[PDB]
Amino acid sequence: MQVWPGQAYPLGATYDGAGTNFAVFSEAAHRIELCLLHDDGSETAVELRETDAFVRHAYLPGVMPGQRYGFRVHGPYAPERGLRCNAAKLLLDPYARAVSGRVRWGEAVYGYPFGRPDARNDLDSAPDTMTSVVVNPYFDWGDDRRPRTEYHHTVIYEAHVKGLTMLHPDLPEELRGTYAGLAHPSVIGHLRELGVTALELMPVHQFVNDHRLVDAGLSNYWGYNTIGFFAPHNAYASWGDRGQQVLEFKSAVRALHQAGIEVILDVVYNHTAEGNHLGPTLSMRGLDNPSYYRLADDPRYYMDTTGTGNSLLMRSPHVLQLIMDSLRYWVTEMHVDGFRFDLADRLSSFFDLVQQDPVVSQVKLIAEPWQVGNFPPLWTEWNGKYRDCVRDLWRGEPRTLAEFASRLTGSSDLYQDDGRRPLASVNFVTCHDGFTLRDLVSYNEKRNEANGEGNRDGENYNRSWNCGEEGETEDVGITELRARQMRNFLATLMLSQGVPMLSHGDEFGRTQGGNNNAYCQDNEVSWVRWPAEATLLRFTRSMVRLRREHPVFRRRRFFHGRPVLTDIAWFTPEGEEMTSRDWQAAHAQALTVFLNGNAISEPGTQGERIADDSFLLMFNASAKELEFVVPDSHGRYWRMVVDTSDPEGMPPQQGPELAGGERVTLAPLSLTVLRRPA
Amino acid sequence: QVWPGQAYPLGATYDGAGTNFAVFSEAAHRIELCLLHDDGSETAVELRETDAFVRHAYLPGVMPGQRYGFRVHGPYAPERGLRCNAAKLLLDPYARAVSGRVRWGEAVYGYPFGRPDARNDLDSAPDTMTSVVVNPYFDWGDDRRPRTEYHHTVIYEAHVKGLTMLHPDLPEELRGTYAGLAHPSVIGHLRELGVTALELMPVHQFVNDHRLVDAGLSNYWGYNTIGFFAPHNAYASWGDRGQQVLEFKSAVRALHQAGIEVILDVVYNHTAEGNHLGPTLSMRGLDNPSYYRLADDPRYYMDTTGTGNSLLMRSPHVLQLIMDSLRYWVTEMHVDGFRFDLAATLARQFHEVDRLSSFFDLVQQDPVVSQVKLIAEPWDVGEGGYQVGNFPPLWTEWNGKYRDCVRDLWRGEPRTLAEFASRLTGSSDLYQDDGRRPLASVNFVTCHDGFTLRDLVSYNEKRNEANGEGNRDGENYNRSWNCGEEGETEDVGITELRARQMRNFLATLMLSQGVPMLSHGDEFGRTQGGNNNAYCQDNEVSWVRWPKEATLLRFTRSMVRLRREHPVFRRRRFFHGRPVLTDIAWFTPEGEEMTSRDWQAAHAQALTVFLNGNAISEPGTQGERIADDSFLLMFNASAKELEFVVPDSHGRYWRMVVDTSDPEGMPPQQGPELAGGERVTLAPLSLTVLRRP
Ligand SMILES: Nc1nc2c(ncn2[C@@H]2O[C@@H]3COP(=O)(O)O[C@H]4[C@@H](O)[C@H](n5cnc6c(=O)[nH]c(N)nc65)O[C@@H]4COP(=O)(O)O[C@H]3[C@H]2O)c(=O)[nH]1
Ligand SMILES: Nc1nc2c(ncn2[C@@H]2O[C@@H]3COP(=O)(O)O[C@H]4[C@@H](O)[C@H](n5cnc6c(=O)[nH]c(N)nc65)O[C@@H]4COP(=O)(O)O[C@H]3[C@H]2O)c(=O)[nH]1
Ligand SMILES: C[C@H]1O[C@H](O[C@H]2[C@H](O)[C@@H](O)[C@@H](O[C@H]3[C@H](O)[C@@H](O)[C@@H](O)O[C@@H]3CO)O[C@@H]2CO)[C@H](O)[C@@H](O)[C@@H]1N[C@H]1C=C(CO)[C@@H](O)[C@H](O)[C@H]1O
Ligand SMILES: C[C@H]1O[C@H](O[C@H]2[C@H](O)[C@@H](O)[C@@H](O[C@H]3[C@H](O)[C@@H](O)[C@@H](O)O[C@@H]3CO)O[C@@H]2CO)[C@H](O)[C@@H](O)[C@@H]1N[C@H]1C=C(CO)[C@@H](O)[C@H](O)[C@H]1O
């Protein structure tokens with residue numbers, strides 16, 4: 001069987017039309033065998049003899065897309081030195097473009113014998129692991145254009161690929177819960193009409209169903225257990241797992257771009273599915289353990305800075321190269337538009353590589369900072385302080401107004417000194433972590449007993465109010481207050497400076513029963529129920545529309561304040577400008593903000609001045625009715641455009657005209673917006 | 001008309017309707033884009049939109065050929081390392097084309113000549129170089145990067161101007177220019193010599209040092225870079241307003257058509273702005289603490305052994321500039337590889353491993369940069385940073401130990417045969433343990449640093465007084481022997497020996513494992529009159545004199561041909577040696593196996609090396625066996641006639657193919673055939689090579 005020396009680059013299996021180049025890195029390896037799997041369970045093994053800077057490689061003529069392959073590394077098994085090579089284990093190609101199968105849990109997938117953690121286990125793992133597959137790279141994108149929606153026009157919608165469409169009645173059964181279902185015109189239509197410009201997907205890199213969850217009757221639903229950083233998770237594909245999942249994902253991106261929607265991927269580079277020293281041996285632990293993972297003071301064991309078993313070695317050059325090769329691959333070959341990272345001196349070279357890379361540095365780079373306000377000036381960040389503060393406003397925490405004013409206006413205290421814009425602030429009321437929007441107005445405390453960890457998992461301080469009853473209620477008064485509270489949250493988010501993120505299904509009032517950490521619930525707890533929910537839907541679409549049609553809510557600069565033209569002003573509910581004393585009043589829970597649509601200094605794309613209507617934002621988060629006074633001349637008139645006290649949705653319902661100096665009564669825990677054209 | 005534009009890419013990008021301008025500075029309070037007109041006047045525009053400290057604007061209607069520059073308003077505080085000074089017209093570090101030349105006066109300095117810590121408010125615009133907007137268009141046609149594997153590579157280091165300044169076939173307009181490099185007479189000379197890669201000495205735009213100009217000298221070699229994205233304008237016949245780009249591309253396109261790669265000597269470790277008394281041209285005025293490694297008293301600059309300043313290699317925008325530069329020269333200028341010098345002098349507490357870790361990380365992972373030829377000059381042997389053998393295994397290196405050892409052997413230095421055997425076979429002791437191939441050692445006997453080949457056999461000591469530093473510059477320990485007289489001679493005996501010695505060096509280079517590098521003009525026996533550091537000699541000291549069928553050229557062309565025809569001299573694996581076929585064997589001149597006693601004897605100055613051509617284990621590109629003839633290399637590094645016995649069975653015949661003591665050149669002359677067991681005497685300081693099928 002013909003074997004040529006081939007190329008050390010690129011890494012992985014590269015098909016050229018007549019054959020396939022294989023190249024895999026290990027500096028611990030003594031010998032590396034490429035194993036070609038056949039459909040009958042047999043193997044043909046061929047040595048990767050040619051080595052260049054510890055990359056072994058060979059080109060194999062006649063090897064074609066669809067071929068299943070793996071690697072066997074012959075090398076030391078010395079855990080006291082951090083070496084865990086075990087040639088009985090068929091290893092996943094870290095660069096695999098497609099991964100087939102699933103893990104069948106048993107002794108074979110572990111590298112140690114089932115009595116002793118530091119001895120060696122000799123059963124062949126090949127029939128019980130996932131396997132890499134050679135991919136044909138061809139895909140006709142036609143006129144595919146990346147939307148390149150600027151941040152001040154962005155609305156992010158975080159969605160789970162399976163849960164978003166698992167119960168959608170317009171889709172055929174085999175598209176439901178799949179990548180292809182994302183391409184369905186009904187799903188794309190709903191995202192379009194919501195005003196969504198960026199679909200952020202929960203992890204789509206090939207991950208593993210944790211043995212712990214499988215053994216407990218659960219499954220890894222969210223996917224924060226990556227094993228394949230180049231392969232789209234095969235369980236979300238209905239077209240098949242031998243390359244077809246690549247085709248599926250690409251056609252989903254292509255359909256979303258035809259609708260003008262960006263694809264952002266949640267990517268999890270901080271750990272892998274191989275876990276701690278008692279986890280399985282599937283790819284990197286068997287390839288080169290000290291080069292990939294951060295090892296403890298005792299090299300037998302793994303630094304676990306996240307709770308997820310292990311930690312990638314961020315100073316290691318082939319870890320950095322893999323991460324970058326992966327980001328470039330998802331942008332350049334999968335046509336995604338950005339990334340959401342959790343990197344829970346060590347990150348310095350990583351940040352250096354991101355910043356200078358001409359492909360990656362130009363996509364949307366969104367960070368989970370957990371480090372709030374400390375990512376480099378090209379990163380935007382999830383603003384958890386925004387979430388906690390807005391949650392505090394509407395639950396009545398009694399000194400929130402001063403901080404809420406900052407969060408409402410882009411959190412300058414967090415980003416201005418770094419040299420960023422308010423658009424660095426990704427604001428959100430809910431996400432996949434914690435309560436859904438409806439559970440947040442319905443539960444004081446989390447209900448995660450179905451996750452099998454004794455209610456020890458998930459956030460303990462939810463900053464939530466059940467509105468008078470824990471859980472589901474018959475009371476129409478509670479039900480209506482809950483519905484307004486949800487409107488308060490959604491409206492606060494769409495009227496805030498920064499970049500707003502919505503959590504899939506919140507536009508429908510999705511509930512998880514008070515489960516605030518549903519990572520392991522691949523069932524009706526989490527799946528979107530497609531459709532009272534018509535008032536919430538109408539209210540959300542119109543709130544997104546208001547934001548889209550008024551630039552003063554989405555400025556590129558921080559508000560200037562009063563110069564010693566005024567672009568923003570703060571008033572008491574009785575209509576007097578607010579003093580420094582006013583900000584500390586203990587039961588200060590109400591406020592009027594004036595936003596001056598005549599005072600937007602940022603030019604538009606061709607240098608033109610940007611003009612807008614002006615607004616009055618009246619917040620009552622006391623538990624009582626309050627009279628507000630429109631601060632203005634008695635002859636100037638203001639149109640009420642938002643009133644979250646309206647049970648039918650204002651918007652889209654439109655409101656009365658108000659004269660300056662005229663009193664208006666706001667219901668407890670309510671928001672009203674007025675719109676004088678100026 | 002001014003639009004916000006974009007912060008990426010950095011520099012002036014022309015789209016067809018106008019030009020985007022983006023420049024980095026963390027220290028600036030305001031940045032003014034200045035647009036110079038041919039009458040000296042300026043139209044200033046603020047770069048108001050700022051993003052991660054990149055200020056940018058798009059100017060519709062601004063066209064290629066537009067001269068521009070930056071003025072940074074910001075703090076002048078040398079105590080804090082801030083040297084922003086809006087009176088200085090600063091260069092765009094990303095300038096694709098730099099026009100003009102520095103006119104040395106007080107206006108180009110950030111400080112007044114009496115007080116280094118005061119601010120100099122003179123306008124610098126009439127005395128500095130200016131950046132030029134360029135049209136990126138170029139029709140490359142069928143252009144292909146040769147991607148010549150290392151085991152087929154013959155490098156030829158050349159100075160753009162000196163290579164062709166005196167070439168009689170070129171019209172005067174082209175002599176010494178990028179256009180000159182593309183002349184069919186120049187390309188044809190390289191093709192016939194066997195050259196596969198042309199390594200050009202610094203072509204990045206550089207500055208004529210004030211200390212040289214105020215001495216009647218100039219900067220000829222160019223290790224004083226100011227523009228890392230622009231081809232040096234003084235090497236361009238076509239003009240300096242954008243044409244220098246087109247001319248450089250023409251040269252690369254012409255060389256690729258002959259199948260010759262371009263390697264660029266690149267100097268990223270320091271700039272032409274020098275220490276705190278140097279001028280303020282680009283980066284010192286833009287963001288001084290971001291660009292330069294500053295001393296603990298930030299007024300002052302850490303340096304890199306006496307160049308003046310040192311780029312901050314841990315700075316993200318320094319790394320981005322270097323990577324952008326590398327990518328630009330590869331992707332758009334189409335060059336094939338780089339020779340780096342990353343030397344610096346760090347204070348005790350800091351280490352080179354942490355200074356360059358990100359840089360090496362960046363280079364290894366980048367899809368474009370990591371796939372071109374990456375050649376490093378190591379720190380020199382004493383002042384240890386990255387010493388030879390230490391660069392990461394993706395890199396190849398100038399092997400200075402090869403140079404020293406082969407010079408010592410043909411000098412007759414006492415105990416050289418041991419190290420020589422190692423250098424001759426790829427320097428296994430420098431490259432085998434780190435996982436590299438013998439192709440990691442760029443071998444050479446001469447380069448632009450030190451003596452030319454002819455001077456290496458003509459002088460015991462350097463003569464650098466014309467360079468203006470009292471003979472203190474350049475290497476003191478050349479490992480040279482003048483063959484019996486210092487300087488030129490009319491003695492026929494010393495001339496014969498000098499010619500033989502030059503064939504010894506070239507034959508030794510071409511038979512050694514590794515990648516050979518030739519120094520331009522050594523094929524014509526170029527001389528510098530014993531000047532061993534001719535960096536400031538832009539004159540007949542340095543330029544190549546072209547002949548008007550010389551023995552040396554004929555001998556060199558055929559030695560390169562000998563290597564190209566026989567894979568045993570350019571293997572991809574280190575020699576296995578004895579255990580088990582035997583691929584290499586070492587013999588005394590009397591013809592018996594070298595023991596460990598023979599390598600260390602004082603008298604050990606002569607060797608017979610056997611190279612087994614049926615023992616090449618590494619496959620070719622389609623997995624087939626590589627086969628070659630077998631060879632005997634007989635070295636007489638002693639100073640007497642010496643008898644060698646052919647170490648072979650009693651009835652096998654060998655062809656003599658190299659004999660450096662033949663004065664008409666062998667090769668290409670064809671010698672006789674000898675039988676195993678025969679005695680043949682070799683002249684002192686001579687080399688004979690025998691070939692058997
Ligand atoms: N960067 C790079 N360098 C190479 C390669 N092949 C050889 N080198 C070098 O050539 C020397 C001799 O290789 P050899 O004749 O095959 O002699 C080798 C070979 O017979 C065998 N060996 C080493 N590695 C392997 C391997 O991976 N597979 C097999 N089948 N044999 C190996 O043991 C001998 C001594 O091995 P070394 O100490 O490593 O010394 C090696 C090694 O330094 C390569 O593919 N890439
Ligand atoms: N002509 C000129 N004036 C400058 C500049 N930088 C600051 N200023 C002026 O001084 C005001 C205070 O600036 P700030 O502290 O940076 O507070 C700024 C700053 O944090 C932010 N920001 C404003 N423009 C930009 C920008 O272009 N890029 C980024 N990343 N942030 C900006 O908006 C806030 C309010 O800015 P303004 O309303 O415009 O009001 C600014 C502006 O009038 C400049 O480079 N050129
Ligand atoms: C292994 C680990 O699984 C479970 O942890 C899951 C979390 O409950 C989820 O909240 C989810 O966290 C991710 C966030 O949703 C996301 O926003 C992102 O930032 O990454 C987060 C973490 O990666 O994903 C986790 C599952 O992927 C479980 O609750 C947790 O207790 C489990 N840790 C056990 C594992 C062993 C070692 O294998 C021990 O090290 C630990 O002490 C165990 O508790
Ligand atoms: C400024 C510096 O100019 C002279 O230094 C030159 C060297 O003599 C040349 O040999 C050449 O060195 C380069 C190598 O050829 C090359 O292989 C590469 O590795 O880089 C080397 C250094 O870049 O190029 C140099 C000039 O371009 C001169 O001999 C030297 O004395 C001069 N240094 C003076 C400058 C002042 C500050 O401005 C002080 O710091 C020093 O003490 C001065 O001596």
# chains A, B, ... in the order shown; residues from 1 in each chain; ligands from 1
$ residues_near_ligand --ligand "ligand 3" --cutoff "6 Å" --atoms "only C-alpha atoms and all ligand atoms" --output "number ranges by chain"
A: 224-225, 275-276, 307-309, 342, 433, 457-458, 517, 519
$ residues_near_ligand --ligand "ligand 4" --cutoff "8 Å" --atoms "only C-alpha atoms and all ligand atoms" --output "PyMOL selection string"
chain B and resi 209+219+221-224+267+270+274-275+277-278+303+305-309+341+343+377+448-449+469+473-474+533-536
$ residues_near_ligand --ligand "ligand 2" --cutoff "7 Å" --atoms "only C-alpha atoms and all ligand atoms" --output "VMD selection string"
(chain A and resid 416 419 to 421 557 to 560 601) or (chain B and resid 29 to 30 48 to 52)
$ write_last_selection --atoms "N, CA, C and O atoms" --output "mmCIF file, in the first residue's frame"
data_model
loop_
_atom_site.group_PDB
_atom_site.id
_atom_site.type_symbol
_atom_site.label_atom_id
_atom_site.label_comp_id
_atom_site.auth_asym_id
_atom_site.auth_seq_id
_atom_site.Cartn_x
_atom_site.Cartn_y
_atom_site.Cartn_z
ATOM 1 N N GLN A 416 -14.957 53.277 29.921
ATOM 2 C CA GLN A 416 -14.475 54.568 29.363
ATOM 3 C C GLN A 416 -12.972 54.785 29.533
ATOM 4 O O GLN A 416 -12.357 55.210 28.596
ATOM 5 N N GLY A 419 -10.672 53.070 27.103
ATOM 6 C CA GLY A 419 -10.712 53.722 25.794
ATOM 7 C C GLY A 419 -11.724 53.049 24.919
ATOM 8 O O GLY A 419 -11.570 53.100 23.748
ATOM 9 N N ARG A 420 -12.738 52.450 25.512
ATOM 10 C CA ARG A 420 -13.715 51.732 24.720
ATOM 11 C C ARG A 420 -14.934 52.603 24.492
ATOM 12 O O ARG A 420 -15.015 53.745 24.948
ATOM 13 N N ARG A 421 -15.884 52.051 23.763
ATOM 14 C CA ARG A 421 -17.158 52.683 23.501
ATOM 15 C C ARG A 421 -18.227 52.010 24.349
ATOM 16 O O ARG A 421 -18.001 50.927 24.899
ATOM 17 N N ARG A 557 -20.672 56.895 21.085
ATOM 18 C CA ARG A 557 -19.923 57.612 22.105
ATOM 19 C C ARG A 557 -20.718 57.591 23.399
ATOM 20 O O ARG A 557 -21.939 57.413 23.379
ATOM 21 N N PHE A 558 -20.020 57.768 24.528
ATOM 22 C CA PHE A 558 -20.717 57.949 25.799
ATOM 23 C C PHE A 558 -21.375 59.312 25.822
ATOM 24 O O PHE A 558 -20.884 60.265 25.216
ATOM 25 N N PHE A 559 -22.491 59.404 26.546
ATOM 26 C CA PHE A 559 -23.160 60.682 26.707
ATOM 27 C C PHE A 559 -22.205 61.702 27.320
ATOM 28 O O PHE A 559 -21.399 61.373 28.201
ATOM 29 N N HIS A 560 -22.272 62.942 26.806
ATOM 30 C CA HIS A 560 -21.354 64.003 27.218
ATOM 31 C C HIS A 560 -21.765 64.623 28.549
ATOM 32 O O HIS A 560 -20.904 64.977 29.362
ATOM 33 N N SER A 601 -23.301 63.398 18.483
ATOM 34 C CA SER A 601 -22.129 63.974 17.825
ATOM 35 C C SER A 601 -21.471 63.038 16.819
ATOM 36 O O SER A 601 -20.885 63.522 15.844
ATOM 37 N N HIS B 29 -3.061 62.393 22.377
ATOM 38 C CA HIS B 29 -4.305 63.086 22.707
ATOM 39 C C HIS B 29 -5.115 63.411 21.459
ATOM 40 O O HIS B 29 -6.346 63.292 21.479
ATOM 41 N N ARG B 30 -4.437 63.833 20.387
ATOM 42 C CA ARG B 30 -5.015 64.018 19.062
ATOM 43 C C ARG B 30 -3.980 63.601 18.024
ATOM 44 O O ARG B 30 -2.772 63.752 18.245
ATOM 45 N N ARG B 48 -10.206 61.437 13.999
ATOM 46 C CA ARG B 48 -11.051 61.602 15.180
ATOM 47 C C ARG B 48 -11.581 60.267 15.693
ATOM 48 O O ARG B 48 -11.517 59.991 16.894
ATOM 49 N N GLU B 49 -12.112 59.431 14.802
ATOM 50 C CA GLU B 49 -12.594 58.122 15.219
ATOM 51 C C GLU B 49 -11.432 57.282 15.737
ATOM 52 O O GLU B 49 -10.419 57.116 15.049
ATOM 53 N N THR B 50 -11.579 56.766 16.962
ATOM 54 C CA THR B 50 -10.547 55.978 17.623
ATOM 55 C C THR B 50 -11.108 54.641 18.085
ATOM 56 O O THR B 50 -12.193 54.597 18.666
ATOM 57 N N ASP B 51 -10.364 53.552 17.855
ATOM 58 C CA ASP B 51 -10.823 52.213 18.245
ATOM 59 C C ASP B 51 -9.656 51.348 18.695
ATOM 60 O O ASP B 51 -8.778 50.999 17.890
ATOM 61 N N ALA B 52 -9.665 50.974 19.974
ATOM 62 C CA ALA B 52 -8.521 50.289 20.572
ATOM 63 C C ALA B 52 -7.236 51.027 20.210
ATOM 64 O O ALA B 52 -6.260 50.439 19.733
#
$ closest_residue --among "B:382, B:136, B:619, B:470" --to "ligand 1" --atoms "only C-alpha atoms and all ligand atoms"
B:619
$ residues_near_ligand --ligand "ligand 1" --cutoff "10 Å" --atoms "only C-alpha atoms and all ligand atoms" --output "MDAnalysis selection string"
(chainID A and resid 5 29:33 47:57 74) or (chainID B and resid 393:394 428 431:440 571:577 579:581 583 615:618)
$ interface_residues --of "chain A" --to "chain B" --cutoff "7 Å" --atoms "only C-alpha atoms" --output "ChimeraX atom specification"
/A:3-5,53,317,321,349,352-353,356,377-378,419-420,605-607
$ residues_around --residues "residue 205 in chain B" --least-positions-apart "2" --cutoff "9 Å" --atoms "only C-alpha atoms" --output "PDB file with N, CA, C and O atoms, in the first residue's frame"
ATOM      1  N   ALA B  97       5.296  52.999   0.625  1.00  0.00           N
ATOM      2  CA  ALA B  97       6.317  53.645  -0.175  1.00  0.00           C
ATOM      3  C   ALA B  97       6.750  54.889   0.578  1.00  0.00           C
ATOM      4  O   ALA B  97       5.907  55.666   1.048  1.00  0.00           O
ATOM      5  N   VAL B  98       8.063  55.056   0.700  1.00  0.00           N
ATOM      6  CA  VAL B  98       8.670  56.184   1.383  1.00  0.00           C
ATOM      7  C   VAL B  98       9.433  56.980   0.339  1.00  0.00           C
ATOM      8  O   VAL B  98      10.270  56.420  -0.378  1.00  0.00           O
ATOM      9  N   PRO B 202      19.494  44.096   3.370  1.00  0.00           N
ATOM     10  CA  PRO B 202      18.266  44.846   3.704  1.00  0.00           C
ATOM     11  C   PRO B 202      17.676  45.733   2.606  1.00  0.00           C
ATOM     12  O   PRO B 202      18.313  46.706   2.180  1.00  0.00           O
ATOM     13  N   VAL B 203      16.452  45.398   2.150  1.00  0.00           N
ATOM     14  CA  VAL B 203      15.720  46.231   1.185  1.00  0.00           C
ATOM     15  C   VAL B 203      14.620  47.059   1.826  1.00  0.00           C
ATOM     16  O   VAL B 203      14.070  47.945   1.155  1.00  0.00           O
ATOM     17  N   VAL B 207      17.697  54.471   6.597  1.00  0.00           N
ATOM     18  CA  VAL B 207      18.123  55.856   6.748  1.00  0.00           C
ATOM     19  C   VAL B 207      19.647  55.912   6.748  1.00  0.00           C
ATOM     20  O   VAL B 207      20.313  55.075   7.369  1.00  0.00           O
ATOM     21  N   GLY B 222      22.519  48.828   5.009  1.00  0.00           N
ATOM     22  CA  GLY B 222      21.119  49.138   5.300  1.00  0.00           C
ATOM     23  C   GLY B 222      20.522  48.568   6.582  1.00  0.00           C
ATOM     24  O   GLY B 222      19.291  48.438   6.669  1.00  0.00           O
ATOM     25  N   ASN B 224      19.522  49.733   9.174  1.00  0.00           N
ATOM     26  CA  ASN B 224      19.015  50.875   9.921  1.00  0.00           C
ATOM     27  C   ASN B 224      17.625  51.173   9.350  1.00  0.00           C
ATOM     28  O   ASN B 224      17.401  52.186   8.689  1.00  0.00           O
ATOM     29  N   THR B 225      16.644  50.360   9.736  1.00  0.00           N
ATOM     30  CA  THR B 225      15.356  50.364   9.051  1.00  0.00           C
ATOM     31  C   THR B 225      14.445  51.436   9.621  1.00  0.00           C
ATOM     32  O   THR B 225      14.338  51.593  10.844  1.00  0.00           O
ATOM     33  N   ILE B 226      13.775  52.164   8.727  1.00  0.00           N
ATOM     34  CA  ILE B 226      12.730  53.097   9.113  1.00  0.00           C
ATOM     35  C   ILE B 226      11.367  52.676   8.578  1.00  0.00           C
ATOM     36  O   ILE B 226      10.353  52.840   9.262  1.00  0.00           O
ATOM     37  N   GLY B 227      11.316  52.107   7.377  1.00  0.00           N
ATOM     38  CA  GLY B 227      10.063  51.618   6.840  1.00  0.00           C
ATOM     39  C   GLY B 227      10.030  50.126   6.571  1.00  0.00           C
ATOM     40  O   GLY B 227      10.597  49.655   5.584  1.00  0.00           O
ATOM     41  N   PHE B 228       9.307  49.383   7.411  1.00  0.00           N
ATOM     42  CA  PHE B 228       9.279  47.929   7.338  1.00  0.00           C
ATOM     43  C   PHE B 228       8.359  47.402   6.252  1.00  0.00           C
ATOM     44  O   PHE B 228       8.353  46.191   6.011  1.00  0.00           O
ATOM     45  N   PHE B 229       7.590  48.272   5.593  1.00  0.00           N
ATOM     46  CA  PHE B 229       6.682  47.878   4.521  1.00  0.00           C
ATOM     47  C   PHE B 229       7.081  48.460   3.165  1.00  0.00           C
ATOM     48  O   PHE B 229       6.412  48.190   2.161  1.00  0.00           O
ATOM     49  N   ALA B 230       8.142  49.260   3.109  1.00  0.00           N
ATOM     50  CA  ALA B 230       8.490  49.917   1.862  1.00  0.00           C
ATOM     51  C   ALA B 230       9.844  49.436   1.338  1.00  0.00           C
ATOM     52  O   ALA B 230      10.802  49.318   2.106  1.00  0.00           O
ATOM     53  N   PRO B 231       9.951  49.129   0.044  1.00  0.00           N
ATOM     54  CA  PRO B 231      11.273  48.855  -0.529  1.00  0.00           C
ATOM     55  C   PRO B 231      12.096  50.129  -0.560  1.00  0.00           C
ATOM     56  O   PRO B 231      11.588  51.198  -0.900  1.00  0.00           O
ATOM     57  N   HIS B 232      13.371  49.998  -0.187  1.00  0.00           N
ATOM     58  CA  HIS B 232      14.282  51.132  -0.088  1.00  0.00           C
ATOM     59  C   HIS B 232      14.286  51.921  -1.390  1.00  0.00           C
ATOM     60  O   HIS B 232      14.469  51.346  -2.465  1.00  0.00           O
ATOM     61  N   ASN B 233      14.070  53.244  -1.298  1.00  0.00           N
ATOM     62  CA  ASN B 233      13.821  54.010  -2.525  1.00  0.00           C
ATOM     63  C   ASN B 233      15.099  54.271  -3.323  1.00  0.00           C
ATOM     64  O   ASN B 233      15.035  54.406  -4.550  1.00  0.00           O
ATOM     65  N   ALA B 234      16.258  54.309  -2.667  1.00  0.00           N
ATOM     66  CA  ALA B 234      17.519  54.555  -3.367  1.00  0.00           C
ATOM     67  C   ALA B 234      17.946  53.405  -4.276  1.00  0.00           C
ATOM     68  O   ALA B 234      18.848  53.603  -5.096  1.00  0.00           O
TER      69      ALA B 234
END
$ residues_around --residues "range 134-142 of chain A" --least-positions-apart "4" --cutoff "7 Å" --atoms "only C-alpha atoms" --output "list in words"
residues 13, 15, 64, 65, 66, 67, 68, 97, 98, 243 and 254 of chain A
$ closest_residue --among "B:670, B:478, B:399, B:460" --to "residue 443 in chain B" --atoms "only C-alpha atoms"
B:399
$ residues_around --residues "residue 339 in chain A" --least-positions-apart "4" --cutoff "7 Å" --atoms "only C-alpha atoms" --output "list in words"
residues 264, 265, 266, 267, 364, 365 and 366 of chain A
